[PDB]
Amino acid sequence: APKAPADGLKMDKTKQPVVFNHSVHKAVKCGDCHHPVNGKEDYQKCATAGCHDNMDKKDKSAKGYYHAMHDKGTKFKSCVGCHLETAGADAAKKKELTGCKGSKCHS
């Protein structure tokens, strides 16, 4: 099977890069993130050409990179969407896990 990479990976397609740590996410199935495409979990980088390669942050299509990391109501939970559910009503966790600045994603 594909193996989880080391912690400390940088997502740096944008001027607001974010560090992603697989170990913290080990209770999430791999294929919730590396989701099926044409019936097979796809482990390519998310912004591979033909994937989430649209770097317009207002785009809401299946190519919109920002959309795939931030929005609710998506077919697979996004970073922010899952974090909102995790934080629940806890305001401190909302800031830490979902804040647009001063959060664990963005300084």
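Numbers for residues come from their place in the sequence shown, where the first is 1.
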39-47 versus 25-33 - which carries the larger mean C-alpha B factor in the record:
25-33
Based on the deposited C-alpha B factors for this chain, I'd like to know if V80 is in the lowest, middle or highest third.
lowest
Quick one: classify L9 as lowest, middle or highest third of the chain based on its Cα B-factor.
highest
CA B-factor ranking of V18, expressed as a third of its chain:
lowest
What third of the chain, by the recorded C-alpha B-factor, contains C100?
middle
Among the modelled residues of its chain, does the C-alpha B-factor of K57 lie in the lowest, middle or highest third?
middle
